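Trainee: Just so it is clear, I am handing over protein.pdb, which has PDB, C-alpha atoms.
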```pdb
ATOM      1  CA  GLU A 110       0.000   0.000   0.000  1.00  0.00           C
ATOM      2  CA  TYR A 111       0.559   1.263  -2.421  1.00  0.00           C
ATOM      3  CA  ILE A 112       2.007   0.778  -5.895  1.00  0.00           C
ATOM      4  CA  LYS A 113       0.268   3.132  -8.248  1.00  0.00           C
ATOM      5  CA  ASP A 114      -1.531   1.605 -11.208  1.00  0.00           C
ATOM      6  CA  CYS A 115       0.541   4.000 -13.255  1.00  0.00           C
ATOM      7  CA  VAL A 116       3.701   2.224 -12.026  1.00  0.00           C
ATOM      8  CA  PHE A 117       2.187  -1.258 -12.364  1.00  0.00           C
ATOM      9  CA  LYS A 118       1.274  -0.457 -15.997  1.00  0.00           C
ATOM     10  CA  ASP A 119       4.956   0.482 -16.637  1.00  0.00           C
ATOM     11  CA  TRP A 120       6.110  -2.929 -15.309  1.00  0.00           C
ATOM     12  CA  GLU A 121       3.590  -4.700 -17.519  1.00  0.00           C
ATOM     13  CA  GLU A 122       4.748  -2.614 -20.372  1.00  0.00           C
ATOM     14  CA  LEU A 123       8.459  -3.298 -19.501  1.00  0.00           C
ATOM     15  CA  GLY A 124       7.815  -7.040 -19.334  1.00  0.00           C
ATOM     16  CA  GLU A 125       6.223  -7.197 -22.786  1.00  0.00           C
ATOM     17  CA  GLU A 126       8.918  -5.037 -24.354  1.00  0.00           C
ATOM     18  CA  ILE A 127      11.501  -7.395 -22.824  1.00  0.00           C
ATOM     19  CA  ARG A 128       9.693 -10.447 -24.281  1.00  0.00           C
ATOM     20  CA  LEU A 129       9.614  -8.887 -27.760  1.00  0.00           C
ATOM     21  CA  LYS A 130      13.366  -8.544 -27.686  1.00  0.00           C
ATOM     22  CA  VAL A 131      14.268 -12.109 -26.691  1.00  0.00           C
ATOM     23  CA  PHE A 132      16.109 -14.417 -29.098  1.00  0.00           C
ATOM     24  CA  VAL A 133      15.218 -17.974 -28.120  1.00  0.00           C
ATOM     25  CA  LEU A 134      18.806 -19.274 -28.367  1.00  0.00           C
ATOM     26  CA  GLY A 135      20.099 -16.276 -26.422  1.00  0.00           C
TER      27      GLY A 135
ATOM     28  CA  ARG B   8      24.156 -27.916  -4.229  1.00  0.00           C
ATOM     29  CA  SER B   9      22.913 -27.387  -7.760  1.00  0.00           C
ATOM     30  CA  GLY B  10      21.159 -24.515  -6.011  1.00  0.00           C
ATOM     31  CA  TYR B  11      24.514 -23.226  -4.777  1.00  0.00           C
ATOM     32  CA  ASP B  12      25.932 -23.165  -8.267  1.00  0.00           C
ATOM     33  CA  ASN B  13      22.934 -20.988  -9.287  1.00  0.00           C
ATOM     34  CA  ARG B  14      23.506 -18.713  -6.282  1.00  0.00           C
ATOM     35  CA  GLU B  15      27.191 -18.204  -7.127  1.00  0.00           C
ATOM     36  CA  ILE B  16      26.326 -17.564 -10.782  1.00  0.00           C
ATOM     37  CA  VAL B  17      23.950 -14.791  -9.616  1.00  0.00           C
ATOM     38  CA  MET B  18      26.515 -13.338  -7.131  1.00  0.00           C
ATOM     39  CA  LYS B  19      29.341 -13.088  -9.649  1.00  0.00           C
ATOM     40  CA  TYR B  20      27.158 -11.625 -12.405  1.00  0.00           C
ATOM     41  CA  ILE B  21      25.930  -8.836 -10.112  1.00  0.00           C
ATOM     42  CA  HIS B  22      29.392  -8.227  -8.673  1.00  0.00           C
ATOM     43  CA  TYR B  23      30.824  -7.598 -12.154  1.00  0.00           C
ATOM     44  CA  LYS B  24      27.802  -5.571 -13.342  1.00  0.00           C
ATOM     45  CA  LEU B  25      28.411  -3.221 -10.383  1.00  0.00           C
ATOM     46  CA  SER B  26      32.219  -3.476 -10.399  1.00  0.00           C
ATOM     47  CA  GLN B  27      32.297  -2.228 -13.924  1.00  0.00           C
ATOM     48  CA  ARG B  28      30.358   0.850 -13.006  1.00  0.00           C
ATOM     49  CA  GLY B  29      32.381   1.626  -9.929  1.00  0.00           C
ATOM     50  CA  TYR B  30      30.449   0.214  -7.053  1.00  0.00           C
ATOM     51  CA  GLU B  31      31.950  -2.631  -5.102  1.00  0.00           C
ATOM     52  CA  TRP B  32      29.722  -5.544  -3.924  1.00  0.00           C
ATOM     53  CA  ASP B  33      30.547  -9.079  -3.118  1.00  0.00           C
ATOM     54  CA  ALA B  34      28.405 -11.927  -2.040  1.00  0.00           C
ATOM     55  CA  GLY B  35      30.404 -14.955  -3.172  1.00  0.00           C
ATOM     56  CA  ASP B  36      30.644 -17.828  -0.755  1.00  0.00           C
ATOM     57  CA  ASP B  37      33.199 -19.907  -2.550  1.00  0.00           C
ATOM     58  CA  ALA B  38      35.715 -19.237   0.130  1.00  0.00           C
ATOM     59  CA  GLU B  39      36.158 -17.906   3.672  1.00  0.00           C
ATOM     60  CA  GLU B  40      32.664 -19.063   4.321  1.00  0.00           C
ATOM     61  CA  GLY B  48      37.792 -21.166 -14.776  1.00  0.00           C
ATOM     62  CA  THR B  49      35.041 -21.741 -12.224  1.00  0.00           C
ATOM     63  CA  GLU B  50      31.406 -22.147 -13.297  1.00  0.00           C
ATOM     64  CA  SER B  51      30.521 -18.710 -11.926  1.00  0.00           C
ATOM     65  CA  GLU B  52      33.221 -16.971 -13.916  1.00  0.00           C
ATOM     66  CA  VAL B  53      32.678 -18.722 -17.265  1.00  0.00           C
ATOM     67  CA  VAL B  54      28.865 -18.430 -17.066  1.00  0.00           C
ATOM     68  CA  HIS B  55      29.341 -14.778 -16.211  1.00  0.00           C
ATOM     69  CA  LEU B  56      31.244 -14.180 -19.419  1.00  0.00           C
ATOM     70  CA  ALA B  57      28.483 -15.723 -21.596  1.00  0.00           C
ATOM     71  CA  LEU B  58      25.687 -14.086 -19.663  1.00  0.00           C
ATOM     72  CA  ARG B  59      27.569 -10.898 -20.219  1.00  0.00           C
ATOM     73  CA  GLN B  60      27.948 -11.294 -23.945  1.00  0.00           C
ATOM     74  CA  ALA B  61      24.465 -12.561 -24.563  1.00  0.00           C
ATOM     75  CA  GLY B  62      23.036  -9.697 -22.382  1.00  0.00           C
ATOM     76  CA  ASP B  63      24.923  -7.077 -24.269  1.00  0.00           C
ATOM     77  CA  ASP B  64      23.455  -8.293 -27.553  1.00  0.00           C
ATOM     78  CA  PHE B  65      20.063  -8.009 -25.844  1.00  0.00           C
ATOM     79  CA  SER B  66      20.660  -4.465 -24.735  1.00  0.00           C
ATOM     80  CA  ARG B  67      21.616  -3.158 -28.202  1.00  0.00           C
ATOM     81  CA  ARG B  68      18.530  -4.819 -29.606  1.00  0.00           C
ATOM     82  CA  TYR B  69      16.353  -3.444 -26.759  1.00  0.00           C
ATOM     83  CA  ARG B  70      17.624   0.057 -26.796  1.00  0.00           C
ATOM     84  CA  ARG B  71      17.067   0.392 -30.426  1.00  0.00           C
ATOM     85  CA  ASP B  72      13.433   0.461 -30.044  1.00  0.00           C
ATOM     86  CA  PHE B  73      12.697   1.351 -26.424  1.00  0.00           C
ATOM     87  CA  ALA B  74      13.586   3.733 -23.635  1.00  0.00           C
ATOM     88  CA  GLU B  75      16.198   2.462 -21.225  1.00  0.00           C
ATOM     89  CA  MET B  76      14.702   0.060 -18.680  1.00  0.00           C
ATOM     90  CA  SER B  77      15.833   2.110 -15.672  1.00  0.00           C
ATOM     91  CA  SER B  78      13.073   4.606 -16.526  1.00  0.00           C
ATOM     92  CA  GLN B  79      10.412   1.942 -16.252  1.00  0.00           C
ATOM     93  CA  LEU B  80      11.295   0.860 -12.725  1.00  0.00           C
ATOM     94  CA  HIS B  81      10.206   3.538 -10.265  1.00  0.00           C
ATOM     95  CA  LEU B  82      12.489   2.600  -7.896  1.00  0.00           C
ATOM     96  CA  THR B  83      11.642   2.236  -4.072  1.00  0.00           C
ATOM     97  CA  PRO B  84      12.387  -0.102  -1.236  1.00  0.00           C
ATOM     98  CA  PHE B  85       8.676  -0.697  -1.051  1.00  0.00           C
ATOM     99  CA  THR B  86       8.132  -1.181  -4.783  1.00  0.00           C
ATOM    100  CA  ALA B  87      11.162  -3.351  -5.584  1.00  0.00           C
ATOM    101  CA  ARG B  88       9.669  -6.749  -4.721  1.00  0.00           C
ATOM    102  CA  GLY B  89       6.586  -6.014  -6.807  1.00  0.00           C
ATOM    103  CA  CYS B  90       8.661  -4.729  -9.665  1.00  0.00           C
ATOM    104  CA  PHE B  91      10.885  -7.832  -9.756  1.00  0.00           C
ATOM    105  CA  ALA B  92       7.986 -10.233  -9.435  1.00  0.00           C
ATOM    106  CA  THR B  93       5.768  -8.554 -12.024  1.00  0.00           C
ATOM    107  CA  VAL B  94       8.329  -8.262 -14.813  1.00  0.00           C
ATOM    108  CA  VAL B  95       9.834 -11.731 -14.205  1.00  0.00           C
ATOM    109  CA  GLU B  96       6.509 -13.595 -14.060  1.00  0.00           C
ATOM    110  CA  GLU B  97       5.496 -11.732 -17.203  1.00  0.00           C
ATOM    111  CA  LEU B  98       8.709 -12.677 -18.986  1.00  0.00           C
ATOM    112  CA  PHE B  99       8.346 -16.428 -18.330  1.00  0.00           C
ATOM    113  CA  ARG B 100       4.556 -16.934 -18.244  1.00  0.00           C
ATOM    114  CA  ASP B 101       4.259 -19.080 -21.349  1.00  0.00           C
ATOM    115  CA  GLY B 102       7.712 -20.608 -21.140  1.00  0.00           C
ATOM    116  CA  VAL B 103      11.443 -20.757 -20.542  1.00  0.00           C
ATOM    117  CA  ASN B 104      14.262 -20.573 -23.113  1.00  0.00           C
ATOM    118  CA  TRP B 105      17.899 -19.398 -23.081  1.00  0.00           C
ATOM    119  CA  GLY B 106      17.217 -15.855 -24.324  1.00  0.00           C
ATOM    120  CA  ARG B 107      14.500 -15.406 -21.748  1.00  0.00           C
ATOM    121  CA  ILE B 108      17.036 -16.502 -19.130  1.00  0.00           C
ATOM    122  CA  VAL B 109      19.499 -14.002 -20.597  1.00  0.00           C
ATOM    123  CA  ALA B 110      16.904 -11.176 -20.396  1.00  0.00           C
ATOM    124  CA  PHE B 111      16.105 -12.167 -16.768  1.00  0.00           C
ATOM    125  CA  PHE B 112      19.735 -11.690 -15.723  1.00  0.00           C
ATOM    126  CA  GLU B 113      19.978  -8.436 -17.774  1.00  0.00           C
ATOM    127  CA  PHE B 114      16.774  -7.211 -16.100  1.00  0.00           C
ATOM    128  CA  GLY B 115      18.145  -8.172 -12.678  1.00  0.00           C
ATOM    129  CA  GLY B 116      21.316  -6.269 -13.438  1.00  0.00           C
ATOM    130  CA  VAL B 117      19.734  -2.936 -14.261  1.00  0.00           C
ATOM    131  CA  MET B 118      17.620  -3.217 -11.095  1.00  0.00           C
ATOM    132  CA  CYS B 119      20.835  -3.526  -9.073  1.00  0.00           C
ATOM    133  CA  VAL B 120      22.454  -0.699 -11.006  1.00  0.00           C
ATOM    134  CA  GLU B 121      19.382   1.511 -10.507  1.00  0.00           C
ATOM    135  CA  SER B 122      19.307   0.652  -6.790  1.00  0.00           C
ATOM    136  CA  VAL B 123      22.799   2.037  -6.367  1.00  0.00           C
ATOM    137  CA  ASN B 124      21.760   5.027  -8.443  1.00  0.00           C
ATOM    138  CA  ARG B 125      18.754   5.692  -6.321  1.00  0.00           C
ATOM    139  CA  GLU B 126      20.840   5.497  -3.210  1.00  0.00           C
ATOM    140  CA  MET B 127      19.111   2.278  -2.266  1.00  0.00           C
ATOM    141  CA  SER B 128      22.248   0.115  -2.184  1.00  0.00           C
ATOM    142  CA  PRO B 129      20.822  -2.492   0.198  1.00  0.00           C
ATOM    143  CA  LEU B 130      18.259  -3.490  -2.399  1.00  0.00           C
ATOM    144  CA  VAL B 131      21.084  -5.079  -4.389  1.00  0.00           C
ATOM    145  CA  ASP B 132      21.117  -7.810  -1.773  1.00  0.00           C
ATOM    146  CA  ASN B 133      17.332  -8.436  -2.008  1.00  0.00           C
ATOM    147  CA  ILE B 134      17.526  -8.605  -5.828  1.00  0.00           C
ATOM    148  CA  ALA B 135      20.375 -11.137  -5.718  1.00  0.00           C
ATOM    149  CA  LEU B 136      18.373 -13.483  -3.487  1.00  0.00           C
ATOM    150  CA  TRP B 137      15.190 -12.971  -5.447  1.00  0.00           C
ATOM    151  CA  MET B 138      17.087 -13.910  -8.602  1.00  0.00           C
ATOM    152  CA  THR B 139      18.688 -16.939  -6.911  1.00  0.00           C
ATOM    153  CA  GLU B 140      15.434 -18.368  -5.636  1.00  0.00           C
ATOM    154  CA  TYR B 141      13.602 -17.656  -8.887  1.00  0.00           C
ATOM    155  CA  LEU B 142      16.335 -19.659 -10.673  1.00  0.00           C
ATOM    156  CA  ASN B 143      16.215 -22.591  -8.255  1.00  0.00           C
ATOM    157  CA  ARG B 144      12.501 -22.619  -8.068  1.00  0.00           C
ATOM    158  CA  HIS B 145      11.383 -21.985 -11.675  1.00  0.00           C
ATOM    159  CA  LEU B 146      14.323 -22.146 -14.086  1.00  0.00           C
ATOM    160  CA  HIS B 147      16.531 -24.997 -12.876  1.00  0.00           C
ATOM    161  CA  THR B 148      14.469 -27.900 -14.275  1.00  0.00           C
ATOM    162  CA  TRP B 149      14.416 -26.357 -17.747  1.00  0.00           C
ATOM    163  CA  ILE B 150      18.120 -25.582 -17.666  1.00  0.00           C
ATOM    164  CA  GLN B 151      18.948 -29.171 -16.478  1.00  0.00           C
ATOM    165  CA  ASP B 152      16.827 -30.411 -19.382  1.00  0.00           C
ATOM    166  CA  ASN B 153      18.672 -28.448 -21.940  1.00  0.00           C
ATOM    167  CA  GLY B 154      22.200 -29.517 -21.151  1.00  0.00           C
ATOM    168  CA  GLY B 155      22.604 -27.381 -18.056  1.00  0.00           C
ATOM    169  CA  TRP B 156      24.742 -24.265 -17.879  1.00  0.00           C
ATOM    170  CA  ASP B 157      27.535 -25.979 -19.769  1.00  0.00           C
ATOM    171  CA  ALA B 158      25.439 -26.035 -22.951  1.00  0.00           C
ATOM    172  CA  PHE B 159      24.863 -22.277 -22.557  1.00  0.00           C
ATOM    173  CA  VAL B 160      28.529 -21.294 -22.117  1.00  0.00           C
ATOM    174  CA  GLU B 161      29.439 -23.301 -25.168  1.00  0.00           C
ATOM    175  CA  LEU B 162      27.071 -21.231 -27.229  1.00  0.00           C
ATOM    176  CA  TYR B 163      29.264 -18.313 -26.360  1.00  0.00           C
ATOM    177  CA  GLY B 164      32.596 -19.753 -27.372  1.00  0.00           C
TER     178      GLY B 164
END
```
Here is a file; write its structure as structure tokens.
Mentor:
Amino acid sequence: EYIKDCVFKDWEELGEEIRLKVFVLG
Amino acid sequence: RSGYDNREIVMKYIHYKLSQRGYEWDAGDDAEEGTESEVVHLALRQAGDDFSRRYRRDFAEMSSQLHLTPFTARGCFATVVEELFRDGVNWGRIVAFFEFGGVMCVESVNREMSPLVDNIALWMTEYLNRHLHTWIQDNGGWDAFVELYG
């Protein structure tokens, strides 16, 4: 109490960006 | 003690990530209290650098997405990581995990929250030994990864 939704959104956003940049083999 | 190897991998990686930006930090247990830690570090470091160039092409630097408090850190780690691995584990995902971990440590020192480095290390260690180990063991273990970076 509390993380702002605004910050939570950013982490969600960060996570997906990360995933888009992954090469499977490394 | 497969868990210990994962712990020392994490400890060395973070040590060098911080060492190379002028903050000293050391949590190795090898003694007092070409080793796996060192050689895996070097690969992790090369694979993570390729990641970063790719990433930063297209996106703002990850430190600006963190927001950065002793209260928020646990949530931040847990949200990004769980998001990263939700539909699976592969080597590049593991590489991004470590890279992500690293900038959190680096930001923590930046934000004058140095002690957080120690929380992040142990979060990374237990995430490895709880959720990543089986997959890694099934794909030739860490040795298969280092050899991809010869």
Trainee: Would you give me, as a PyMOL selection string, the residues of chain B that come within 7 Å of chain A, using all atoms listed in the file?
Mentor: chain B and resi 61+65+68-69+79-81+86+90+93-94+97-98+104-107+109-110
Trainee: To one decimal place in Å, what is the distance between CA of residue 143 (chain B) and CA of residue 10 (chain B)?
Mentor: 5.8 Å
Trainee: Applying 12 Å and all atoms listed in the file, which residues near residue 28 (chain B) remain after dropping the ones on its own chain fewer than 3 positions away? List them as a list in words.
Mentor: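 The filter keeps residues 21, 22, 23, 24, 25, 31, 32, 116, 117, 119, 120, 121, 123 and 124 of chain B.
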Trainee: So how far away is CA of residue 87 (chain B) from CA of residue 114 (chain B), in Å?
Mentor: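 Atom-to-atom, CA of residue 114 (chain B) and CA of residue 87 (chain B) are spaced 12.5 Å apart.
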Trainee: Write out as a list in words each polymer residue whose atoms come within 12 Å of residue 141 (chain B), counting only C-alpha atoms; drop sequence neighbours fewer than 2 positions from it.
Mentor: residues 10, 13, 14, 17, 91, 92, 95, 96, 99, 108, 111, 112, 115, 134, 135, 136, 137, 138, 139, 143, 144, 145, 146, 147 and 148 of chain B
Trainee: Report, in Å to a single decimal, how far apart CA of residue 55 (chain B) and CA of residue 33 (chain B) are.
Mentor: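 It comes out at 14.3 Å.
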Trainee: Name the closest residue to residue 60 (chain B) among the candidates B:162, B:126, B:83, B:75; distances are taken between atoms, counting all atoms listed in the file.
Mentor: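 Of all the options, B:162 lies closest to residue 60 (chain B).
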Trainee: Put a box with edges along x, y and z around all the listed atoms of region 111-130 of chain A, pad it by 5 Å on each side, then give me its centre and sizes in Å, one decimal, as JSON.
Mentor:
```
{"center_x": 5.9, "center_y": -3.2, "center_z": -15.1, "size_x": 24.9, "size_y": 24.4, "size_z": 35.3}
```
